[PDB]
């Protein structure tokens, strides 16, 4: 019934180091997904590739074109998706990776009715390579998939409790914002997602939720009970 899209930056998979994949961190995440699946919540997941490679970072040397740097990023998300698939299935869950870039040998291609059939049979669906367009941020791609599958909400999983007024690291006086309007997110200096993603979520009336997942049982509490610790853009 309740269908959600959980979005992670690649860094979520890395832990204390900025690079790679921390196996312990991965298992932890998968167990938070498992609690959703056990409570009959349908879970789509998108993951960025920032733990492996970045668009404005590999291009700044002066020899990697903008599009090729993105294609490197897209391949990275597929690497992360396979890892996540494995962590999910290690703990007994059924999962499919639906990639926007065709790699038949490693995962299924994204097809609208296939992703839905999987979700309706209770499989976790991980969307690899966003939507295949290089120009889009992870946030935009996740919001797109979230609309495409008719999700009830999109969860942006971060390392921080929710949406704040200033960066919690750069300010002691940083105050968490519990509920925000789409426009409050657009005009204000504070950042949630990029402008395209927020505007996409606004027009299609998709609620955005920003929460920590380091907290055991929080995700379930957020999705099923509208409880736990989170921020909501509505």
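Numbering follows the first chain given and starts at 1.
Visitor: Going by the B-factors listed in the PDB entry, is the mean over the C-alpha atoms higher for 146-154 or for 77-85?
Guide: Mean C-alpha B-factor is greater for 146-154.
Visitor: When the Cα temperature factors in the entry are averaged, is it 160-168 or 88-96 that ends up higher?
Guide: Comparing 88-96 with 160-168, the higher mean C-alpha B-factor belongs to 160-168.
Visitor: Looking at the C-alpha B-factor values in the deposited entry, which of 43, 46, 29, 186 comes out highest?
Guide: It is 186.
Visitor: Taking only the Cα B-factors deposited for this chain, tell me whether residue 17 sits in the lowest, middle or highest third.
Guide: For residue 17, whose C-alpha B-factor we compare with every modelled residue in the chain, the answer is the highest third.
Visitor: Considering every modelled residue of the chain and its Cα B-factor in the PDB entry, is residue 135 in the lowest, middle or highest third?
Guide: Its C-alpha B-factor belongs to the highest third of this chain's values.
Visitor: How does residue 36 rank on Cα B-factor within its chain, lowest, middle or highest third?
Guide: It belongs to the lowest third of the chain when residues are ordered by C-alpha B-factor.
Visitor: Please say which third, lowest, middle or highest, residue 220 falls into when its CA temperature factor is compared across its chain.
Guide: Tercile = lowest for this residue's CA B-factor.
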